[PDB]
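Asker: I am sharing entry39.cif, which consists of mmCIF, C-alpha atoms and all ligand atoms:
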data_my_file
#
loop_
_atom_site.label_atom_id
_atom_site.label_comp_id
_atom_site.auth_asym_id
_atom_site.auth_seq_id
_atom_site.Cartn_x
_atom_site.Cartn_y
_atom_site.Cartn_z
CA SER S 208 0.00 0.00 0.00
CA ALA S 209 2.93 2.27 0.81
CA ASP S 210 4.33 1.29 -2.59
CA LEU S 211 1.25 2.33 -4.48
CA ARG S 212 1.36 5.70 -2.73
CA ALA S 213 5.02 6.00 -3.70
CA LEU S 214 4.08 5.13 -7.30
CA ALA S 215 1.43 7.84 -7.23
CA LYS S 216 3.99 10.44 -6.08
CA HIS S 217 6.35 9.44 -8.88
CA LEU S 218 3.82 9.79 -11.69
CA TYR S 219 2.75 13.08 -10.16
CA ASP S 220 6.31 14.41 -10.03
CA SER S 221 6.84 13.46 -13.60
CA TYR S 222 3.47 14.86 -14.68
CA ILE S 223 4.38 18.20 -13.05
CA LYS S 224 7.71 18.08 -14.83
CA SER S 225 6.28 17.10 -18.24
CA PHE S 226 3.25 19.42 -18.60
CA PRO S 227 3.79 23.19 -18.07
CA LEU S 228 0.05 23.98 -17.93
CA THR S 229 -1.57 21.97 -15.17
CA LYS S 230 -5.21 21.77 -14.25
CA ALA S 231 -4.52 23.77 -11.06
CA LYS S 232 -2.94 26.67 -12.98
CA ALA S 233 -5.72 26.52 -15.53
CA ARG S 234 -8.43 26.74 -12.87
CA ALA S 235 -6.64 29.68 -11.23
CA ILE S 236 -6.66 31.49 -14.58
CA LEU S 237 -10.33 30.71 -15.18
CA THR S 238 -11.54 31.75 -11.71
CA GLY S 239 -9.74 35.11 -11.73
CA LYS S 240 -7.48 33.94 -8.91
CA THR S 241 -4.56 36.25 -8.10
CA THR S 242 -1.94 33.51 -8.33
CA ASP S 243 -2.19 33.90 -12.12
CA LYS S 244 -2.91 36.35 -14.94
CA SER S 245 -6.21 36.80 -16.85
CA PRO S 246 -6.47 35.65 -20.49
CA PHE S 247 -7.49 37.51 -23.65
CA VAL S 248 -10.86 36.38 -24.93
CA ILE S 249 -11.48 35.32 -28.52
CA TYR S 250 -15.23 35.30 -29.13
CA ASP S 251 -15.61 36.40 -32.76
CA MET S 252 -13.84 36.97 -36.07
CA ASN S 253 -13.19 40.57 -35.05
CA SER S 254 -11.57 39.63 -31.73
CA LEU S 255 -10.00 36.60 -33.44
CA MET S 256 -7.69 38.68 -35.60
CA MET S 257 -7.61 41.21 -32.78
CA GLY S 258 -6.25 38.41 -30.61
CA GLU S 259 -3.54 37.25 -33.00
CA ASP S 260 -1.65 40.34 -31.82
CA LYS S 261 -1.41 38.41 -29.52
CA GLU S 276 -9.16 31.71 -44.12
CA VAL S 277 -9.64 31.97 -40.36
CA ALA S 278 -11.22 28.53 -39.94
CA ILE S 279 -8.24 26.95 -41.68
CA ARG S 280 -5.86 29.03 -39.56
CA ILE S 281 -7.46 27.72 -36.38
CA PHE S 282 -7.39 24.08 -37.45
CA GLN S 283 -3.70 24.37 -38.26
CA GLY S 284 -3.38 26.03 -34.87
CA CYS S 285 -5.06 23.05 -33.22
CA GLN S 286 -2.71 20.85 -35.24
CA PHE S 287 0.35 22.68 -33.93
CA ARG S 288 -0.90 22.47 -30.33
CA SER S 289 -1.71 18.76 -30.73
CA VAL S 290 1.89 18.21 -31.85
CA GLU S 291 3.40 19.77 -28.74
CA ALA S 292 0.89 17.76 -26.71
CA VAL S 293 2.27 14.57 -28.26
CA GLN S 294 5.85 15.61 -27.39
CA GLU S 295 4.82 16.29 -23.79
CA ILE S 296 2.76 13.12 -23.45
CA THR S 297 5.68 11.16 -24.95
CA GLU S 298 8.05 12.72 -22.45
CA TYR S 299 5.64 11.68 -19.70
CA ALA S 300 5.28 8.03 -20.86
CA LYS S 301 9.05 7.51 -20.67
CA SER S 302 8.81 8.03 -16.92
CA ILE S 303 6.16 5.40 -16.32
CA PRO S 304 7.90 2.42 -14.66
CA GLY S 305 8.46 -0.28 -17.27
CA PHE S 306 7.34 1.62 -20.36
CA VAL S 307 10.85 2.13 -21.67
CA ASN S 308 11.63 -1.52 -20.88
CA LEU S 309 8.88 -2.62 -23.27
CA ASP S 310 9.47 -3.82 -26.85
CA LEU S 311 10.09 -0.72 -28.96
CA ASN S 312 7.42 -1.40 -31.58
CA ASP S 313 4.88 -1.54 -28.75
CA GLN S 314 6.00 1.70 -27.09
CA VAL S 315 5.29 3.32 -30.44
CA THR S 316 2.03 1.38 -30.74
CA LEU S 317 0.77 2.35 -27.27
CA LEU S 318 1.50 6.05 -27.75
CA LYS S 319 0.19 6.15 -31.32
CA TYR S 320 -3.24 5.09 -30.06
CA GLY S 321 -3.28 6.76 -26.68
CA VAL S 322 -2.18 10.35 -27.26
CA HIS S 323 -5.53 11.50 -28.64
CA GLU S 324 -7.37 10.03 -25.70
CA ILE S 325 -5.02 11.85 -23.37
CA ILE S 326 -5.26 15.13 -25.28
CA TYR S 327 -9.01 15.25 -24.75
CA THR S 328 -8.59 14.33 -21.09
CA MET S 329 -6.21 17.19 -20.44
CA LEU S 330 -8.18 19.39 -22.82
CA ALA S 331 -11.01 19.20 -20.30
CA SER S 332 -8.54 20.75 -17.86
CA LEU S 333 -8.51 23.87 -20.05
CA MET S 334 -12.28 24.07 -20.46
CA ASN S 335 -15.52 25.33 -18.94
CA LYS S 336 -19.05 25.18 -20.39
CA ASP S 337 -18.23 28.52 -22.04
CA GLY S 338 -14.83 27.94 -23.67
CA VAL S 339 -11.25 26.70 -23.64
CA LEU S 340 -7.88 28.08 -22.60
CA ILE S 341 -5.21 28.19 -25.32
CA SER S 342 -1.48 28.97 -25.60
CA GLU S 343 -0.53 28.13 -22.01
CA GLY S 344 -3.48 30.05 -20.60
CA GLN S 345 -2.72 33.24 -22.51
CA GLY S 346 -5.89 32.89 -24.57
CA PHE S 347 -9.51 31.89 -24.13
CA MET S 348 -11.47 30.94 -27.20
CA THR S 349 -15.21 30.74 -26.58
CA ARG S 350 -17.34 27.65 -27.25
CA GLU S 351 -19.96 29.62 -29.23
CA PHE S 352 -17.32 31.18 -31.50
CA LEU S 353 -16.02 27.69 -32.29
CA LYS S 354 -19.51 26.25 -32.79
CA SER S 355 -20.20 29.13 -35.21
CA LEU S 356 -16.97 28.52 -37.13
CA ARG S 357 -17.48 26.99 -40.58
CA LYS S 358 -17.07 25.05 -42.73
CA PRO S 359 -16.27 22.46 -41.61
CA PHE S 360 -15.50 23.42 -38.01
CA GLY S 361 -17.68 21.61 -35.47
CA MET S 364 -14.96 21.18 -30.74
CA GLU S 365 -18.54 20.72 -29.50
CA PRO S 366 -18.44 17.07 -28.40
CA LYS S 367 -15.10 17.76 -26.74
CA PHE S 368 -16.95 20.40 -24.72
CA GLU S 369 -19.77 18.08 -23.68
CA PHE S 370 -17.25 15.47 -22.48
CA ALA S 371 -15.28 18.19 -20.72
CA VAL S 372 -18.39 19.25 -18.81
CA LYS S 373 -19.15 15.67 -17.77
CA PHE S 374 -15.49 14.97 -17.14
CA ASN S 375 -14.77 18.01 -14.98
CA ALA S 376 -17.69 17.17 -12.70
CA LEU S 377 -15.58 14.36 -11.20
CA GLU S 378 -13.37 17.13 -9.78
CA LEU S 379 -10.07 15.30 -10.21
CA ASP S 380 -6.88 17.18 -9.52
CA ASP S 381 -3.51 16.79 -11.23
CA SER S 382 -2.34 13.94 -9.03
CA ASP S 383 -5.43 12.02 -10.11
CA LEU S 384 -4.94 12.81 -13.81
CA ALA S 385 -1.27 11.72 -13.65
CA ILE S 386 -2.16 8.15 -12.74
CA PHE S 387 -5.27 8.01 -14.93
CA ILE S 388 -3.27 9.10 -17.93
CA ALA S 389 -0.62 6.45 -17.20
CA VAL S 390 -3.38 3.83 -17.23
CA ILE S 391 -4.56 5.07 -20.64
CA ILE S 392 -1.10 4.82 -22.25
CA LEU S 393 -0.66 1.27 -20.88
CA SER S 394 -3.62 -0.21 -22.73
CA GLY S 395 -2.86 -3.76 -23.83
CA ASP S 396 -5.98 -3.86 -25.99
CA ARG S 397 -4.14 -1.58 -28.41
CA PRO S 398 -4.14 -3.03 -31.93
CA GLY S 399 -0.99 -4.66 -33.28
CA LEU S 400 0.82 -4.97 -29.96
CA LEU S 401 3.40 -7.80 -29.98
CA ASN S 402 3.68 -8.52 -26.26
CA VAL S 403 0.42 -7.77 -24.42
CA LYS S 404 1.12 -9.36 -21.01
CA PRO S 405 3.86 -7.06 -19.72
CA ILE S 406 1.85 -3.99 -20.71
CA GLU S 407 -1.09 -5.42 -18.78
CA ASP S 408 1.22 -6.13 -15.83
CA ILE S 409 2.18 -2.45 -15.74
CA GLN S 410 -1.43 -1.24 -16.18
CA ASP S 411 -2.70 -3.48 -13.39
CA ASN S 412 -0.15 -1.70 -11.22
CA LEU S 413 -1.20 1.76 -12.36
CA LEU S 414 -4.83 0.74 -11.92
CA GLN S 415 -4.40 -0.51 -8.37
CA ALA S 416 -2.56 2.68 -7.53
CA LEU S 417 -5.33 4.79 -9.10
CA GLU S 418 -7.78 2.88 -6.92
CA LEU S 419 -5.91 3.83 -3.74
CA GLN S 420 -5.27 7.43 -4.81
CA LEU S 421 -8.96 8.04 -5.61
CA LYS S 422 -9.90 6.35 -2.34
CA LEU S 423 -7.54 8.65 -0.42
CA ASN S 424 -8.01 11.94 -2.35
CA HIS S 425 -11.80 11.74 -2.84
CA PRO S 426 -12.97 9.72 0.22
CA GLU S 427 -16.53 11.05 0.21
CA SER S 428 -16.76 10.26 -3.49
CA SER S 429 -18.31 6.87 -4.25
CA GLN S 430 -17.32 4.61 -7.14
CA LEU S 431 -15.20 7.38 -8.56
CA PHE S 432 -12.77 4.74 -9.79
CA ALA S 433 -15.55 2.92 -11.64
CA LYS S 434 -16.95 6.27 -12.80
CA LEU S 435 -13.50 7.28 -14.00
CA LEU S 436 -12.98 4.11 -16.03
CA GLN S 437 -16.39 4.50 -17.68
CA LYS S 438 -15.24 7.85 -19.09
CA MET S 439 -12.71 5.90 -21.18
CA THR S 440 -15.74 4.90 -23.29
CA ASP S 441 -16.54 8.51 -24.05
CA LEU S 442 -12.90 9.06 -25.04
CA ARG S 443 -13.04 6.27 -27.61
CA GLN S 444 -16.17 7.78 -29.14
CA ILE S 445 -14.62 11.24 -29.38
CA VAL S 446 -11.39 10.02 -31.00
CA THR S 447 -13.19 7.89 -33.62
CA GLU S 448 -15.31 10.87 -34.69
CA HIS S 449 -12.22 13.11 -34.71
CA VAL S 450 -10.29 10.77 -37.04
CA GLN S 451 -13.22 10.52 -39.44
CA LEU S 452 -13.45 14.30 -39.76
CA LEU S 453 -9.71 14.69 -40.27
CA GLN S 454 -9.83 12.13 -43.09
CA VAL S 455 -12.60 14.07 -44.83
CA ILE S 456 -10.63 17.31 -44.49
CA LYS S 457 -7.56 15.60 -45.93
CA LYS S 458 -9.45 14.84 -49.14
CA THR S 459 -11.12 18.25 -49.45
CA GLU S 460 -7.81 20.08 -48.99
CA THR S 461 -4.70 19.08 -50.95
CA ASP S 462 -2.47 21.50 -49.01
CA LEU S 465 0.29 17.33 -41.42
CA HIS S 466 3.43 17.30 -39.24
CA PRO S 467 5.78 14.30 -39.60
CA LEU S 468 4.56 13.25 -36.13
CA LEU S 469 0.99 14.12 -37.09
CA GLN S 470 1.34 12.24 -40.38
CA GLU S 471 2.74 9.31 -38.39
CA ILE S 472 -0.24 8.93 -36.06
CA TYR S 473 -2.66 9.39 -38.97
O1 LIG R 1 -3.92 25.44 -27.22
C1 LIG R 1 -3.96 24.69 -26.21
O2 LIG R 1 -3.03 24.73 -25.36
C2 LIG R 1 -5.10 23.73 -26.03
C3 LIG R 1 -4.83 22.57 -26.97
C4 LIG R 1 -5.45 22.53 -28.21
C5 LIG R 1 -5.20 21.47 -29.07
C6 LIG R 1 -4.32 20.47 -28.69
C7 LIG R 1 -3.69 20.51 -27.45
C8 LIG R 1 -3.94 21.57 -26.58
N1 LIG R 1 -3.31 21.64 -25.29
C9 LIG R 1 -2.65 20.56 -24.62
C10 LIG R 1 -1.27 20.58 -24.50
CL1 LIG R 1 -0.34 21.88 -25.18
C11 LIG R 1 -0.61 19.54 -23.84
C12 LIG R 1 -1.33 18.48 -23.30
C13 LIG R 1 -2.71 18.47 -23.41
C14 LIG R 1 -3.37 19.51 -24.07
CL2 LIG R 1 -5.10 19.45 -24.19
#
Could you quickly redo this structure as C-alpha cells?
Answerer:
Amino acid sequence: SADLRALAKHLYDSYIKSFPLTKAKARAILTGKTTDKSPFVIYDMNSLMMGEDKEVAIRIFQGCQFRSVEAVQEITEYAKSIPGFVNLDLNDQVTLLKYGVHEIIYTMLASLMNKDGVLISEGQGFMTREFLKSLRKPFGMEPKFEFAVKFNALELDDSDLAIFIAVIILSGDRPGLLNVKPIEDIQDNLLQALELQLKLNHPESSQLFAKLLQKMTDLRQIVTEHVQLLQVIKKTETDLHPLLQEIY
C-alpha cells in the first residue's frame, strides 16, 4: 500500500515536470485567482484577428494541429517516466502512444475548459465555445466540450490525472501490440494505484474509480469521430506534421 502511494507520487512528479500547464494553474486562470494572470478572450472573427496580436477557420485548425503536436511531445516525455514503459518492446512503445495520445489530449483538454470555452497557448488565450460552434465550414470542438463538462464534474486534480493518464497509455488492448502481457502487468499496477489514490483523495466520493474508467468509453467515441473528420478534411484540402502524419 505504501508502494502504491510512492508510485502515485512518482507519476505526479513526472506529470508536473512534463506538462507546463496543469489543471490547477488553468483553474486559477479561469476563476480570476490572483496567483495567475487573466487571459485575452477570442469570441468572434473581429476579436479573433484582434487576438492574433497576440481563411480563419483553416488558420485555427492548423493552430489546433500545432498544439496537438506539442501535446504529443509532452505526453511522450511523460510516458518515458512510467515504470516499465521504456523496458517494453520498442514497436509496442510506439504502438501504445500512437493510439493513446488523442485520448489523453481530450482528457487534459477538459482541464482547459468550462461550459463557455477553452484556454489556449498556455493560458494566454480563451477561445469561446460559441465562437467555435459558429466557425465553418467544416468546423464543429462541440463534443469535446460536452465530455469536458461531464469529465470536470468528477473534480479530479492533477495527481489524479497523472495516474489516470498512465493507465490510458498502458492499454494492452491496443491493436498490433506484440507482447500484451507485460503492458497489462504495468497497467494493473497503475490501476491498483489509481484505486488507492482516488480512495484517499476523494474519500466522500463513491465509485469514482468505476466512474473514472467509464469515461474511457466517451474518449473512444470522441477520438473515432475526430479521425473521421480529419480524413474528410484531408481529401477536401490538398495542401500534417511528420509526427501528425505518423499517427494518422
Ligand atoms: O492550445 C492549447 O493549449 C489547447 C490545446 C489545443 C489542441 C491540442 C492541445 C492543446 N493543449 C494541450 C497541451 Cl499543449 C498539452 C497536453 C494536453 C493539451 Cl489538451
Asker: From (-11.7, 18.3, -23.0), in the file's coordinates, out to 7 Å: which residues are reached, counting all atoms listed in the file? Answer as a list in words.
Answerer: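 Here the neighbourhood of the point contains residues 327, 328, 329, 330, 331, 332, 334, 367, 368, 370 and 371 of chain S.
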Asker: In Å, with one decimal, what is the gap from CA of residue 412 in chain S to CA of residue 304 in chain S?
Answerer: 9.7 Å
Asker: Quick one: residues within 12 Å of ligand LIG 1 (chain R), with only C-alpha atoms and all ligand atoms, as a VMD selection string?
Answerer: chain S and resid 222 to 223 225 to 230 233 281 to 299 322 to 334 338 to 348 364 367 to 368 371 384 to 385 388 469
Asker: Hey, which of S:224, S:404, S:261, S:457 ends up closest to residue 473 in chain S? Count only C-alpha atoms.
Answerer: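 Of S:224, S:404, S:261, S:457, the one nearest residue 473 in chain S, counting only C-alpha atoms, is S:457.
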Asker: Determine the nearest neighbour of residue 421 in chain S from the options S:468, S:439, S:379, S:455, counting only C-alpha atoms.
Answerer: S:379
